[PDB]
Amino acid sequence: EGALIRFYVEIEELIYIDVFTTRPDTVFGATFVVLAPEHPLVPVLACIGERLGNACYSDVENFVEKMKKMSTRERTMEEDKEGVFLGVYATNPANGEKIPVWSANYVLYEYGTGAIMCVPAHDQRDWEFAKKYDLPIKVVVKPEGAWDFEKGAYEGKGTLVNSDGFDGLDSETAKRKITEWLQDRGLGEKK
């Protein structure tokens, strides 16, 4: 089992999004955050988004409503990636960059915290979503062989790049040391 990682939302009130991942080694590659449609923070962040003129609250409420009637088999296996921008950004705890918060069909409320960090370079499901919505691919687990990230996500083991002081470390070793690093900063937790 992996780790819990904390993403503070860049707004006036103190709100954070805990995310469960089996790949804490890829945290520097997180380019956006996705909440399940049923996730209690979706309407909350959406309203904040709108007041800042960054989202349409009714439009988000329409997404949630439509997605509640739909079924698991249809949501993540039959229907193409569908999602809405919430109008807010969260802070990647590893690098401190702001990343956009979205809600999407393919993330189920049942698994983990019902909220995920998205690493398109290294998770195919996230790759498809980023392809549809033009969200960035950021390689952090470089494979040894040649790989075209413009054609697909690489989900295997490798050596860290674009990852601050964790560069050059092998990815399975990096999981522990990045977790321990975040845990010591109160921004992550071992599971």
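From 1 onward, residues are counted along the sequence shown.
The PDB entry records a higher mean C-alpha B factor for 71-79 than for its counterpart among 97-105 and 71-79.
Per-stretch averaging of Cα B factors for 84-92 and 108-116 places 108-116 on top. Residues shown: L35, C47, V161, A146. Highest C-alpha temperature factor in the entry: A146. In the PDB entry, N54 places in the middle third of its chain by CA B-factor. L182: CA B factor in the highest third of modelled residues in this chain (values from the PDB entry).
Split the chain's modelled residues into thirds by C-alpha temperature factor. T26 is in the lowest one. In the PDB entry, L135 places in the middle third of its chain by CA B-factor.
In the deposited entry, the Cα temperature factor of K142 places it in the highest third of its chain's modelled residues.
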